[PDB]
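Following: one structure in structure tokens, then a few remarks.
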Amino acid sequence: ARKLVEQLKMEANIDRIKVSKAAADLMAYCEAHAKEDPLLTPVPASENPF
Amino acid sequence: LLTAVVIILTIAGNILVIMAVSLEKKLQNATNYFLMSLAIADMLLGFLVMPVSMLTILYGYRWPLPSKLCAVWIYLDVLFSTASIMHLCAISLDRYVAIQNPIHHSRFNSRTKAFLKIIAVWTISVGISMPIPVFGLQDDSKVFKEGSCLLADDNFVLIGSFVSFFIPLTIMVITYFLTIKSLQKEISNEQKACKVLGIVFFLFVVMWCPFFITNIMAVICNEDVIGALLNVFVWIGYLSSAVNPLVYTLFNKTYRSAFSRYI
Amino acid sequence: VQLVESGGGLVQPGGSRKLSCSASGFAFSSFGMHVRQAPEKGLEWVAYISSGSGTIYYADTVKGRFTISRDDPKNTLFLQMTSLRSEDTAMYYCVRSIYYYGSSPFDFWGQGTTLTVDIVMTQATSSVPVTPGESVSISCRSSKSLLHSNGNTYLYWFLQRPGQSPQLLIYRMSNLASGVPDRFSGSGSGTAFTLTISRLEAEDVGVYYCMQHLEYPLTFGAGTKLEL
Amino acid sequence: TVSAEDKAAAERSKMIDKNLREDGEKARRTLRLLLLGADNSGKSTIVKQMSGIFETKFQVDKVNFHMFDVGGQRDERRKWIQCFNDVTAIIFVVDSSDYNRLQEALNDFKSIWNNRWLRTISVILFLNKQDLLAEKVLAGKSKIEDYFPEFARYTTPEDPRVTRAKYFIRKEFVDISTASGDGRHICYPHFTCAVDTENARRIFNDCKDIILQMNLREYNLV
Amino acid sequence: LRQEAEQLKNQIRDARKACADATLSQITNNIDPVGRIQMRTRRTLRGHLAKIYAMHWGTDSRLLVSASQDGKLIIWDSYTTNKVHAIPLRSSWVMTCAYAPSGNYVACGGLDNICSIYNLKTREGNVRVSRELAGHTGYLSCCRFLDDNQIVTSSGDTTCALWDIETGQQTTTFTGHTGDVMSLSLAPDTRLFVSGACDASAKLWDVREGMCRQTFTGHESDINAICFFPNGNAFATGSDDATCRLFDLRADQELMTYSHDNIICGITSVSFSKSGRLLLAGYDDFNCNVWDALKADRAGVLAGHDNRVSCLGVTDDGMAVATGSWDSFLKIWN
Ligand SMILES: COc1cc(CCN)cc(OC)c1OC
């Protein structure tokens, strides 16, 4: 009971960033590492171990 | 002609059974694989044999086909007919073993047993049908008679009708009687199973029994009447290859649904 | 782990002798078992028996004369030898080898028993002068490229100190065998390989044998001896 | 195009496959059972032959039975019950003597019976402590009619009153089982005393029937 | 105290609501679609007699371990399909397996409430139980190696623990959940990890401190599966609601929900591609759906399993996807 209040207060105070900024960072990572991903763009058969 | 309907029904039933086993995920087990092998044998008969017999019907019983091809034709006839007959006998034996003691049947109910059964029935049919190519090709008089082509070997006819339809008939009679006396010791499921077993057994007896008994009476004993009776009954027995794919499957709901979907 | 060889001694030419190696402390069934050193020559691979005895190979020299068998429950490996000649005199080693992805075969060797009666691997220098604390390099070459299509290059480096059995150092030209100091490294190209020792010390002196495991029979190099 | 080491690895894999097949063939022979009873049901006392999970082995007619009892978890069992959907049958043990607990027992039986994963699995129901139930019914201090009004107006299809009470209690569980009507799974009810010479025999007969129904369905007889 | 809780909870709801100035789909609206993605089964791994409950890839990207109802832990060579090891398990009920980042050890867990660590590489050439970790009062749902020494586990006790394998005793315990913890995922930096529970809440956990940093609630029912976005700033959840949700650590709220009216089966597993653009989810509908993580549009389907998919794993290099299922076969997709 009392423990639940204490944890809730600690969770309340946290540095929060804009959702737009978070989405921009996520998109940026996906764009930056898109080329490295084999599943997105199918690899040439020679490069494929499978 | 009425004989052209039977070939159509044979190939239609065996295509429907083959697609129902192959394109359904729930029906793939040992019993349906044995049933698929049976359907394969019935298809091979109804594709390679029955249209040739229809051409014989149309041609006035002079043989248009090559003479040497008749001996291998009789070989294929005896091969596929014996394969079907001992497929049904093995089905009956497996049903009796699975119904009498179901706990002990599931201990050895893998696919290896079904593969061994398929191998055994096909090897038995091949061994029974083995002498027709070897002796029929060397001497043309053993398979020909006044233009018409039929098995002229009397002792071979007796032996291959006693080892192919008088051992399986008594085996099926004994197993049917014991399965009936086993399920009655105990319930609408068991009564439905008894009705299905009785229908299957009596349909098999009605379809196949007259041909072999008149074949025996043809040799052990009026020749035109017996010949005509054999002529009708060998086509009656060909109708059994168009019935076993239906009767052994249509009592299931999944098979009925698959057959309605595919058509 | 231990492999203790038994049998040996004087045998007349044309006689028959059975050599046995007894295994203790390791799962004998899982390991495939194999090697003889002549009195004044490098190692030579005699026979191989797989796990479960499914596969057997022999050297062409001994094929048709020797038979290799394993009795798993007693954890013993046998070599039944017939028609012995003067060339058969050697010290016979019982070796264990396990094959899966990432395994280190030829890791442990037996002590061996004396008996008194094809890819060509070449080592350039029979002897190399060395000093304590000074880096040295050892070179071996292959007649045929040891690089397989799957990417593994099958070269093995063994060290036989004076009066001791060979010890695996490097397997597949780059991997370092367990229990070996980091000083040893294996740099290799197809058809030409080398071993580098940095900060050489005493007790690391001995003959360095290069072996190929690309295909049977397994060929050993003559070896290079190090003396301070 | 395979190296010697790769060939040896393949042979090792084949040996592993052989050993796995042997172990699986050995494992197939046993019939696996699950025992579920919330409390005070005598589920341990059912079988006379013998921390997370408790396992019991008894043999009848040279047939090996495995019975698992999971007692280290809370009342809700939704997650670990997913594992036991390959079992031959589920053995439910309930104390018929305690009438107040019977509604909770019926709810538990309904939850198990209507579980999506256990839809194929058949149930063997052991109504336990029938001797204590009979003693209470003859005493008459406890009234079944108060807990379930239907018993006050009931007729049967050992004293007659005890017989009627036991048939009523059995009828509730049998009706919950019949409500599904699927037929893929059936509830087999039995009445067990505190000490009974044979319960493995009853389980054996029920497992024989359970396997027989699957055999009939597989052979397309049904 | 309860009244004080409501004010702080109401304060949190306002704080996350204020941050939601823009939606993820609004931000990534002008992004080129990935289009249809097609993958085919390159390898089907056979040898497990019974249903497969869990699998895990090795960091070498070639080896994987799998656990099954038959009571065997098998290490496979994915490229050549060979079996490297086959480990007999004391308990046939195994809910999870793990492979060490070094590859020297693997771990196990199940209804026996004990985590067993196995030593793959040893003299005498057989896999032996190095340690059995005891101290959990419920079945172990998941276990993941931080390193060779340390391992985190989640249990049906509603607790997670950090174990020191050498000592064999817990060094930390995480107690925030009100229900059985079904899943956990370790951050790439390893300094923090997430856990999913039947409470239908996901809590960020600090491994070093032993406290809960944040709690995320958007699911109506239990969270079966949890995975961390490759960047580590976000994670994805899977539940029985037939919906997956992407949560952001810094924004402390939901960004996107992956739901389709056609599918009603629960999500058994979730995994991310190397770029993070693709979210792969395993369902009880016997198939896996591939989602555009940014746009939440289904890009493909992986359907080859005759039963439900127990586990889903994407390789470290990202070349292949392995899916296990209750029909006792694992399939490598590319
Ligand atoms: C082996 O049983 C026979 C089966 C048939 C099937 C005819 N459709 C014909 C025979 O004689 C040609 C047989 O041997 C007497």
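A note on labels: chains of the structure tokens are A, B, ... as shown, every chain counts residues from 1, and ligands are counted from 1 in their shown order.
Using only C-alpha atoms, the chain E residues found within 8 Å of chain C amount to residues 77, 84, 123, 124, 125 and 126 of chain E.
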Notebook entry, point to check: When DSSP works through the backbone of this structure, what residues of stretch 71-262 of chain B end up as alpha helix (DSSP H), shown as JSON, numbers by chain?
Noted result: {"B": [71, 72, 73, 74, 75, 76, 77, 78, 79, 80, 81, 82, 83, 84, 85, 86, 87, 88, 89, 90, 91, 92, 93, 94, 95, 96, 97, 98, 99, 100, 102, 103, 104, 105, 106, 111, 112, 113, 114, 115, 116, 117, 118, 119, 120, 121, 122, 123, 124, 125, 126, 127, 128, 131, 132, 133, 134, 135, 136, 137, 138, 154, 155, 156, 157, 158, 159, 160, 161, 162, 167, 168, 169, 170, 171, 172, 173, 174, 175, 176, 177, 178, 179, 180, 181, 182, 183, 188, 189, 190, 191, 192, 193, 194, 195, 196, 197, 198, 199, 200, 201, 202, 203, 204, 205, 206, 207, 208, 209, 210, 211, 212, 213, 214, 215, 216, 217, 218, 219, 220, 223, 224, 225, 226, 227, 228, 229, 230, 231, 232, 233, 234, 235, 236, 237, 238, 244, 245, 246, 247, 248, 249, 250, 253, 254, 255, 256, 257, 258, 259, 260, 261, 262]}
Next item on the list: Residues up to 6 Å from ligand 1, counting only C-alpha atoms and all ligand atoms: could you list those as a list in words?
Entry: residues 74, 77, 78, 81, 82, 151, 157, 160, 161, 164 and 234 of chain B
Please dump the current selection as a compact mmCIF listing (two decimals), in the first residue's frame; keep C-alpha atoms.
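As a result, out_32.txt now contains:
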```txt
# COMPACT_ATOMS: atom_id res chain seq x y z
CA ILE B 74 -4.09 -59.82 -68.58
CA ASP B 77 -5.72 -57.00 -64.92
CA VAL B 78 -4.69 -59.74 -62.51
CA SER B 81 -7.39 -56.80 -59.20
CA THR B 82 -5.31 -58.79 -56.71
CA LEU B 151 -6.63 -67.09 -69.53
CA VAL B 157 -6.96 -70.18 -63.07
CA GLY B 160 -4.99 -67.95 -58.69
CA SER B 161 -8.71 -67.90 -57.94
CA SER B 164 -6.74 -64.60 -54.43
CA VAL B 234 -16.35 -59.19 -65.16
```
Next item on the list: Using only C-alpha atoms, determine which residues lie at most 10 Å from residue B:58, disregarding the query and same-chain residues fewer than 5 positions distant; provide the list as a PyMOL selection string.
Entry: chain B and resi 1+52-53
Please produce an output containing C-alpha atoms for each residue in the selection, written as a tab-separated table (two decimals), in the first residue's frame.
```tsv
chain	number	residue	atom	x	y	z
B	1	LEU	CA	-22.98	-47.14	-73.58
B	52	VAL	CA	-9.23	-51.45	-73.39
B	53	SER	CA	-12.10	-53.73	-72.35
```
Next item on the list: With a distance cut-off of 8 Å and only C-alpha atoms, select the neighbouring residues of residue C:21, excluding the residue or stretch itself and same-chain residues fewer than 4 positions from it, and output the selection as a PyMOL selection string.
Entry: chain C and resi 3-6+76-78+94+110
Please, which residues in chain A fall within 7 Å of chain E when counting only C-alpha atoms, and what is the closest atom pair and distance in Å to one decimal for each, ordered by chain then residue number, as a tab-separated table?
```
residue	atom	partner	partner_atom	distance
A:2	CA	E:1	CA	6.5
A:5	CA	E:5	CA	5.3
A:8	CA	E:8	CA	6.6
A:9	CA	E:8	CA	6.2
A:11	CA	E:214	CA	5.8
A:12	CA	E:12	CA	5.5
A:16	CA	E:251	CA	5.3
A:17	CA	E:251	CA	5.1
A:18	CA	E:19	CA	5.4
A:19	CA	E:20	CA	5.6
A:20	CA	E:22	CA	5.5
A:22	CA	E:251	CA	6.7
A:23	CA	E:24	CA	5.6
A:30	CA	E:275	CA	5.2
A:33	CA	E:275	CA	5.1
A:34	CA	E:275	CA	5.4
A:37	CA	E:275	CA	5.5
A:38	CA	E:319	CA	5.6
A:39	CA	E:319	CA	6.6
A:49	CA	E:79	CA	6.9
A:50	CA	E:42	CA	6.0
```
Output C-alpha atoms of each residue in that selection to a file, as a CSV table (one decimal), in the first residue's frame.
```
chain,number,residue,atom,x,y,z
A,2,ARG,CA,2.5,2.6,1.2
A,5,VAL,CA,2.6,5.3,-3.4
A,8,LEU,CA,4.4,6.0,-8.1
A,9,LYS,CA,5.9,9.3,-7.0
A,11,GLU,CA,7.9,7.3,-11.6
A,12,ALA,CA,6.1,10.7,-11.9
A,16,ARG,CA,10.2,13.4,-20.8
A,17,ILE,CA,10.9,14.2,-24.5
A,18,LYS,CA,8.5,15.2,-27.3
A,19,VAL,CA,6.8,12.3,-29.0
A,20,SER,CA,7.6,14.0,-32.3
A,22,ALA,CA,11.2,10.3,-30.4
A,23,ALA,CA,9.5,9.4,-33.6
A,30,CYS,CA,15.6,3.0,-39.4
A,33,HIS,CA,20.5,1.1,-40.9
A,34,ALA,CA,18.1,0.3,-43.7
A,37,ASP,CA,19.3,-5.0,-43.1
A,38,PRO,CA,19.1,-8.1,-45.3
A,39,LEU,CA,15.5,-8.9,-44.7
A,49,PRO,CA,24.7,-18.4,-46.5
A,50,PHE,CA,21.2,-19.9,-46.6
```
Margin query: Could you tell me which residues of chain D sit within 12 Å of chain B when counting only C-alpha atoms, and give me the result as a ChimeraX atom specification?
Written below: /D:25-31,61-63,88,183,204-222
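Here atom CA of residue C:113 and atom CA of residue C:75 stand 18.0 Å from one another.
Minimum atom-to-atom distance to residue D:145, evaluated using only C-alpha atoms, belongs to D:100 out of D:100, D:128, D:122, D:49.
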Next item on the list: Give me the residues within 12 Å of residue E:210 as a PyMOL selection string, counting only C-alpha atoms and dropping any in the same chain fewer than 5 places off.
Entry: chain E and resi 152+159-162+170-176+191-193+204-205
Just to be explicit: take each residue in the selection above, keep N, CA, C and O atoms, and write the result as a tab-separated table (two decimals), in the first residue's frame.
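As written to disk, result_22.tsv reads:
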```
chain	number	residue	atom	x	y	z
E	152	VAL	N	19.59	-13.27	-15.79
E	152	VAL	CA	18.32	-12.75	-15.29
E	152	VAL	C	17.24	-13.76	-15.64
E	152	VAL	O	17.28	-14.35	-16.72
E	159	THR	N	8.05	-12.11	-9.73
E	159	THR	CA	9.35	-11.55	-9.41
E	159	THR	C	10.35	-11.95	-10.48
E	159	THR	O	10.24	-13.02	-11.08
E	160	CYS	N	11.31	-11.06	-10.73
E	160	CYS	CA	12.49	-11.36	-11.53
E	160	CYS	C	13.71	-11.25	-10.63
E	160	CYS	O	13.69	-10.51	-9.65
E	161	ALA	N	14.76	-12.00	-10.97
E	161	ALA	CA	15.96	-12.06	-10.15
E	161	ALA	C	17.19	-12.01	-11.03
E	161	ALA	O	17.17	-12.44	-12.18
E	162	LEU	N	18.27	-11.47	-10.46
E	162	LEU	CA	19.59	-11.49	-11.06
E	162	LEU	C	20.46	-12.45	-10.27
E	162	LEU	O	20.65	-12.27	-9.06
E	170	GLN	N	20.95	-15.28	-5.59
E	170	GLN	CA	20.50	-14.06	-6.24
E	170	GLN	C	21.25	-12.86	-5.68
E	170	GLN	O	21.49	-12.77	-4.47
E	171	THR	N	21.62	-11.94	-6.57
E	171	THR	CA	22.20	-10.66	-6.18
E	171	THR	C	21.18	-9.53	-6.16
E	171	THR	O	21.44	-8.50	-5.53
E	172	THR	N	20.05	-9.68	-6.85
E	172	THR	CA	19.01	-8.67	-6.86
E	172	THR	C	17.69	-9.35	-7.17
E	172	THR	O	17.65	-10.40	-7.83
E	173	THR	N	16.60	-8.76	-6.69
E	173	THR	CA	15.25	-9.21	-6.97
E	173	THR	C	14.40	-8.01	-7.36
E	173	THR	O	14.48	-6.95	-6.73
E	174	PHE	N	13.58	-8.19	-8.39
E	174	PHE	CA	12.73	-7.14	-8.94
E	174	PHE	C	11.28	-7.48	-8.62
E	174	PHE	O	10.74	-8.47	-9.12
E	175	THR	N	10.64	-6.64	-7.79
E	175	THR	CA	9.30	-6.90	-7.26
E	175	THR	C	8.42	-5.68	-7.53
E	175	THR	O	8.29	-4.78	-6.69
E	176	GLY	N	7.82	-5.64	-8.72
E	176	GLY	CA	6.82	-4.65	-9.06
E	176	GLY	C	5.54	-5.25	-9.62
E	176	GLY	O	4.47	-4.65	-9.52
E	191	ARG	N	22.45	-2.54	-19.58
E	191	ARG	CA	22.32	-1.86	-18.29
E	191	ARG	C	20.89	-1.90	-17.76
E	191	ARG	O	20.67	-1.68	-16.56
E	192	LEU	N	19.91	-2.17	-18.62
E	192	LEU	CA	18.51	-2.21	-18.22
E	192	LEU	C	17.77	-3.24	-19.06
E	192	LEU	O	18.24	-3.66	-20.12
E	193	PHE	N	16.60	-3.66	-18.56
E	193	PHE	CA	15.79	-4.67	-19.21
E	193	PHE	C	14.32	-4.44	-18.88
E	193	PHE	O	13.99	-3.75	-17.92
E	204	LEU	N	10.05	-1.01	-16.99
E	204	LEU	CA	11.48	-0.89	-17.21
E	204	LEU	C	12.23	-1.10	-15.91
E	204	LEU	O	11.90	-0.51	-14.88
E	205	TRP	N	13.26	-1.95	-15.96
E	205	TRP	CA	14.03	-2.34	-14.78
E	205	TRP	C	15.48	-1.93	-14.96
E	205	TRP	O	16.05	-2.11	-16.04
```
Check: residue E:268: which residues within 8 Å, counting only C-alpha atoms, same-chain residues fewer than 4 positions away excluded, as a count of residues only?
Finding: 12
With a cut-off of 12 Å, could you pull out the residues of stretch 66-184 of chain B touching stretch 213-224 of chain B and give me the nearest pair of atoms for each, distance in Å to one decimal, using only C-alpha atoms, ordered by chain and ascending number, as a Markdown table?
```
| residue | atom | partner | partner_atom | distance |
| --- | --- | --- | --- | --- |
| B:150 | CA | B:215 | CA | 11.3 |
| B:151 | CA | B:215 | CA | 10.4 |
| B:152 | CA | B:219 | CA | 9.4 |
| B:153 | CA | B:219 | CA | 9.6 |
| B:154 | CA | B:219 | CA | 6.5 |
| B:155 | CA | B:219 | CA | 9.1 |
| B:156 | CA | B:219 | CA | 10.9 |
| B:157 | CA | B:216 | CA | 7.9 |
| B:158 | CA | B:216 | CA | 6.8 |
| B:159 | CA | B:216 | CA | 10.3 |
| B:160 | CA | B:216 | CA | 10.6 |
| B:161 | CA | B:216 | CA | 7.7 |
| B:162 | CA | B:216 | CA | 9.2 |
| B:165 | CA | B:213 | CA | 9.5 |
| B:166 | CA | B:213 | CA | 9.8 |
| B:169 | CA | B:213 | CA | 11.8 |
```
Next item on the list: Write down as a VMD selection string the residues belonging to stretch 105-278 of chain E that are assigned strand (DSSP E) by DSSP computed on the backbone.
Entry: chain E and resid 105 to 110 115 to 119 128 to 133 140 to 145 150 to 155 160 to 164 169 to 174 181 to 186 192 to 197 202 to 206 212 to 216 223 to 228 234 to 239 243 to 248 253 to 259 267 to 272 278
Notebook entry, point to check: Excluding same-chain residues fewer than 5 positions from residue C:201, what lies within 9 Å of it counting only C-alpha atoms, as a ChimeraX atom specification?
Noted result: /C:131-134
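Atom pair atom CA of residue D:153 / atom CA of residue D:168 has a distance of 10.7 Å (rounded to one decimal).
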Note to self: Quick check, in Å to one decimal: how far apart do atom CA of residue B:18 and atom CA of residue B:176 lie?
What the structure shows: 27.2 Å
Please report as an mmCIF file with N, CA, C and O atoms, in the first residue's frame which residues of chain D come no farther than 9 Å from chain E, using only C-alpha atoms.
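Here's the written file part.cif:
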```
data_model
loop_
_atom_site.group_PDB
_atom_site.id
_atom_site.type_symbol
_atom_site.label_atom_id
_atom_site.label_comp_id
_atom_site.auth_asym_id
_atom_site.auth_seq_id
_atom_site.Cartn_x
_atom_site.Cartn_y
_atom_site.Cartn_z
ATOM 1 N N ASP D 6 33.342 -32.265 -41.965
ATOM 2 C CA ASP D 6 31.904 -32.100 -42.139
ATOM 3 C C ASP D 6 31.202 -33.447 -42.262
ATOM 4 O O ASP D 6 30.081 -33.619 -41.769
ATOM 5 N N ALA D 9 30.918 -34.732 -38.801
ATOM 6 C CA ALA D 9 29.848 -34.017 -38.115
ATOM 7 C C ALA D 9 28.483 -34.551 -38.524
ATOM 8 O O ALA D 9 27.589 -34.703 -37.685
ATOM 9 N N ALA D 10 28.302 -34.838 -39.815
ATOM 10 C CA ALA D 10 27.040 -35.406 -40.280
ATOM 11 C C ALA D 10 26.792 -36.781 -39.673
ATOM 12 O O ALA D 10 25.658 -37.112 -39.305
ATOM 13 N N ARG D 12 27.915 -37.826 -36.778
ATOM 14 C CA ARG D 12 27.543 -37.560 -35.391
ATOM 15 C C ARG D 12 26.084 -37.133 -35.287
ATOM 16 O O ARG D 12 25.367 -37.559 -34.374
ATOM 17 N N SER D 13 25.635 -36.278 -36.208
ATOM 18 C CA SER D 13 24.239 -35.856 -36.207
ATOM 19 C C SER D 13 23.306 -37.037 -36.419
ATOM 20 O O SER D 13 22.248 -37.123 -35.788
ATOM 21 N N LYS D 14 23.674 -37.954 -37.316
ATOM 22 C CA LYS D 14 22.840 -39.130 -37.550
ATOM 23 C C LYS D 14 22.786 -40.029 -36.318
ATOM 24 O O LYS D 14 21.731 -40.590 -35.995
ATOM 25 N N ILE D 16 23.065 -38.979 -33.227
ATOM 26 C CA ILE D 16 22.186 -38.262 -32.305
ATOM 27 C C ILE D 16 20.728 -38.490 -32.684
ATOM 28 O O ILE D 16 19.871 -38.687 -31.816
ATOM 29 N N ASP D 17 20.426 -38.459 -33.984
ATOM 30 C CA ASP D 17 19.060 -38.707 -34.439
ATOM 31 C C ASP D 17 18.595 -40.105 -34.054
ATOM 32 O O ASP D 17 17.448 -40.292 -33.630
ATOM 33 N N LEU D 20 17.844 -40.153 -30.336
ATOM 34 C CA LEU D 20 16.603 -39.433 -30.070
ATOM 35 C C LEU D 20 15.389 -40.263 -30.463
ATOM 36 O O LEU D 20 14.382 -40.278 -29.747
ATOM 37 N N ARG D 21 15.459 -40.950 -31.605
ATOM 38 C CA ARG D 21 14.344 -41.794 -32.025
ATOM 39 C C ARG D 21 14.117 -42.935 -31.042
ATOM 40 O O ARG D 21 12.969 -43.266 -30.721
ATOM 41 N N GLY D 24 12.424 -41.473 -27.971
ATOM 42 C CA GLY D 24 11.029 -41.163 -28.234
ATOM 43 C C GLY D 24 10.157 -42.402 -28.299
ATOM 44 O O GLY D 24 9.035 -42.411 -27.784
ATOM 45 N N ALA D 27 9.513 -43.442 -24.901
ATOM 46 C CA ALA D 27 8.613 -42.538 -24.191
ATOM 47 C C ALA D 27 7.162 -42.730 -24.620
ATOM 48 O O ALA D 27 6.242 -42.503 -23.826
ATOM 49 N N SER D 51 9.856 -29.595 -6.414
ATOM 50 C CA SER D 51 8.818 -28.899 -5.663
ATOM 51 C C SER D 51 7.722 -28.375 -6.584
ATOM 52 O O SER D 51 6.560 -28.282 -6.189
ATOM 53 N N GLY D 52 8.097 -28.026 -7.815
ATOM 54 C CA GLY D 52 7.129 -27.461 -8.739
ATOM 55 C C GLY D 52 6.049 -28.445 -9.146
ATOM 56 O O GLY D 52 4.866 -28.100 -9.176
ATOM 57 N N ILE D 53 6.439 -29.679 -9.464
ATOM 58 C CA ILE D 53 5.526 -30.699 -9.968
ATOM 59 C C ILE D 53 5.845 -32.027 -9.293
ATOM 60 O O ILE D 53 7.017 -32.379 -9.118
ATOM 61 N N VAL D 70 0.451 -30.797 -9.929
ATOM 62 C CA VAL D 70 1.083 -29.484 -9.851
ATOM 63 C C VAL D 70 0.452 -28.742 -8.681
ATOM 64 O O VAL D 70 -0.697 -28.290 -8.769
ATOM 65 N N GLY D 72 2.510 -26.312 -6.681
ATOM 66 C CA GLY D 72 3.293 -25.143 -6.338
ATOM 67 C C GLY D 72 2.832 -23.844 -6.954
ATOM 68 O O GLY D 72 3.557 -22.849 -6.870
ATOM 69 N N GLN D 73 1.648 -23.818 -7.564
ATOM 70 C CA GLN D 73 1.131 -22.654 -8.273
ATOM 71 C C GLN D 73 -0.153 -22.176 -7.611
ATOM 72 O O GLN D 73 -0.750 -22.890 -6.798
ATOM 73 N N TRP D 80 0.118 -22.797 -17.094
ATOM 74 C CA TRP D 80 0.821 -24.077 -17.077
ATOM 75 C C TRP D 80 -0.070 -25.222 -17.554
ATOM 76 O O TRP D 80 0.423 -26.326 -17.813
ATOM 77 N N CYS D 83 0.610 -26.698 -21.241
ATOM 78 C CA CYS D 83 1.557 -27.778 -21.494
ATOM 79 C C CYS D 83 0.854 -29.128 -21.561
ATOM 80 O O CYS D 83 1.178 -29.962 -22.415
#
```
Next item on the list: Can you check which residues of chain D have any atom within 7 Å of chain C? Use only C-alpha atoms and format it as an NGL selection string.
Entry: :D and (3-5 or 8-9)
